[PDB]
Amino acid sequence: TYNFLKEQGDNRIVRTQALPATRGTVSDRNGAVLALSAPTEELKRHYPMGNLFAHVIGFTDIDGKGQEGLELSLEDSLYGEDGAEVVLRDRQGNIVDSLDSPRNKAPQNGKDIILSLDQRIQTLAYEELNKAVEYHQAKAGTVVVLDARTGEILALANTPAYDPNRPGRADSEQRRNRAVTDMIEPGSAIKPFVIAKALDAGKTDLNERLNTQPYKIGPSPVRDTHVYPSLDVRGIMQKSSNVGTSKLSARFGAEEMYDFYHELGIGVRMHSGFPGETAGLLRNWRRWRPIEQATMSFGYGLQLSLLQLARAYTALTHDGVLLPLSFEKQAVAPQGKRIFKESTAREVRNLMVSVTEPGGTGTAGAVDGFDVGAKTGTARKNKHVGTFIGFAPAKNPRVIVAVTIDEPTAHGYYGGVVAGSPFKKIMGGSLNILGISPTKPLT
């Protein structure tokens, strides 16, 4: 009797055998392989580049289902469809016959994805980030680099990280994708937008001189670090004047300001495609006092993730049009949402260059051969969080770099010193990597 016609016994056992799909591969924008599957001694996931892209890509569970990062969120297109076949086997595991069955199915492999991220920029961001964190004895740190013209993410790293090839020994603090999951107070980093809105609506202009003496809203004082009797809009930007900023904001009602912050993306989920997105914090305007509106104008009382912060800056770099962010490689810039006039964005960019020049509050982030528009700040959580964010070449921007250092312990606290050195190295490096020439003679 032919073996397939027989009753089963100890040595002929009907068995449905899985034919596993192979999971899609993840590559960087130039083709470098970041994630792939190999047959195991079932498939196994390999991350050839180790902890470099840990938080972005995330990892997979023992059954090859996405568990964190883009492995989780792209799980549907990445997994494929396992196949199967019915076989007779012997008690030693040898396939003895292949049986006809409507259950015999070929596997469908997963879709490959090409990220927008650039291994060279990721490496530079990764290196400079850890140098800063280790030097300042900080708790943690985050970097985001964007294409100022397309919204494509070029790099995104956080420290501490973990090896995604060995995710089972990774701490909760290690696994957290801070750029995406963590709310911060922007502090001075919001001021450019307040100024731009005032300019865009015509509530101020480039000639107006504001009285910027410290004042009080009821009992609560509003003051700068130094007394400046009067500043124009350029000086308000340059000196990072709380007084000037809150006065310009106070020329708008609470609802108008709220709708503005909201349309920049504050208080809602980005829906970027990453899992674990924070919604941030924007309190309903109906609950606002004048003091709260004013403190928001200099970046307290409202919160967003560093990735939200960096995205807001696309309104400034992409000629007043706010872009959605991309983790996948784009052929062209996506349609955005117009927020400012092109005319307004150009002048505000011009103003921000003054922050990084001798008279400004963030000279630590100046880059040889380039005009850099930037803001810098430090918010309390004592324990602090230093931020530095900016773009270059300021007239025709190409890159946005955002950096936060969390609880620096040694060699300062201020974000300009602390988050300013890595910002400068990462920005300079990135401009070099992208082959952008200097616009002014090098020192």
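Numbers follow the displayed sequence, beginning with 1.
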Missing from the model but present in the deposited sequence, between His411 and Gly412: none
Continuity check for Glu41 and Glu42, given as deposited residues lacking coordinates between them: 10 or more
Segment of higher mean CA temperature factor, 216-224 or 282-290: 216-224
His46, C-alpha B-factor rank within chain (lowest, middle or highest third): lowest
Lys381 CA temperature factor, ranked by third within the chain: highest
Chain-wide C-alpha B factor ranking for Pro397, given as lowest, middle or highest third: middle
Cα B factor band for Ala333 (lowest, middle or highest third within the chain): highest
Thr60 - which third its CA temperature factor falls in, relative to the rest of the chain: middle
